[PDB]
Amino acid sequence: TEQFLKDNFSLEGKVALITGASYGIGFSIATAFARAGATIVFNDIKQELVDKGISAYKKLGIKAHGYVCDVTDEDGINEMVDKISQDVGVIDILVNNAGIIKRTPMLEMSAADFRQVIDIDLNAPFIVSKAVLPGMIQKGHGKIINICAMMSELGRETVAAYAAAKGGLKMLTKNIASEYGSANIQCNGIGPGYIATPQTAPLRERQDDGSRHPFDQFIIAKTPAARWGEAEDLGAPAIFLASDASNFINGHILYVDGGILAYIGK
């Protein structure tokens, strides 16, 4: 049964690009990919982080390829993509792990600032997808996986309209699946729930009487799983989405939330 499990879930002989994965969530997702036989490629805006990245991967026994590129840089990404496509080879899997916009109150930011985020920052994951599609098509099999922002992510300002950008993960997932599914590309999403991170570690701090932090207690009650998400919880689900096992799954958002959205359906 080793061969069966390998046939369906293995990522052997496949190049996987996971944007931003020099730490945190993208990182532990790439970690899981590597451990399933994938070749890891990732990026970040500045060199120091990339290095910290590779070091961190190495300590786990992973040879990662790390580049310096802004995901929002149009020409930059394309260069990074075909540069990967020689140094490392054809990208089989793209994990869009994009977000965390410069948090400037929508009334403080100038027209210049809007023009930027609307035209560039929000189109990032589309740019990166567009950059890697021609290859995947050539080779006859692609996996593009879009990771929605986790429900843990604090400080996000709700902007309903931004869901209508051509970038923007729920939209993008569905259009790429529709337009490019027939060239054997599967585009899907991960919807992470309340994933514990050091950022939200205060919201778990035990009280002076040793009772649970109020918010921590809310999350536990309202999550049927009765516990926070851990980054590791997204690992396997993401392989599944990157492996032959999900080849007839397209345009679907997989929610890794301990069933909280389902509790919101009673």
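We number the residues from 1 along the sequence you see.
**Student:** Look up the CA B-factors in the entry and say which stretch, 207-215 or 225-233, has the higher mean.
**Tutor:** Here the higher of the two C-alpha B-factor means belongs to 207-215.
**Student:** Which has the highest CA B-factor per the PDB entry: 77, 177, 163, 190?
**Tutor:** Answer, based on the entry's C-alpha B-factors: 77.
**Student:** For residue 71, return the chain-relative third of its C-alpha B-factor as stated in the PDB record: lowest, middle or highest.
**Tutor:** Residue 71: CA B-factor falls in the highest third of its chain.
**Student:** Taking only the Cα B-factors deposited for this chain, tell me whether residue 239 sits in the lowest, middle or highest third.
**Tutor:** For residue 239, whose C-alpha B-factor we compare with every modelled residue in the chain, the answer is the middle third.
**Student:** How does residue 168 rank on Cα B-factor within its chain, lowest, middle or highest third?
**Tutor:** Lowest third of the chain for residue 168's C-alpha B-factor.
**Student:** Ordered by C-alpha B-factor within the chain, which third holds residue 23? Give me lowest, middle or highest, please.
**Tutor:** According to the entry, residue 23 has a C-alpha B-factor in the chain's highest third.
**Student:** Which third of the chain holds residue 153 when residues are ordered by C-alpha B factor: lowest, middle or highest?
**Tutor:** Residue 153: CA B-factor falls in the lowest third of its chain.
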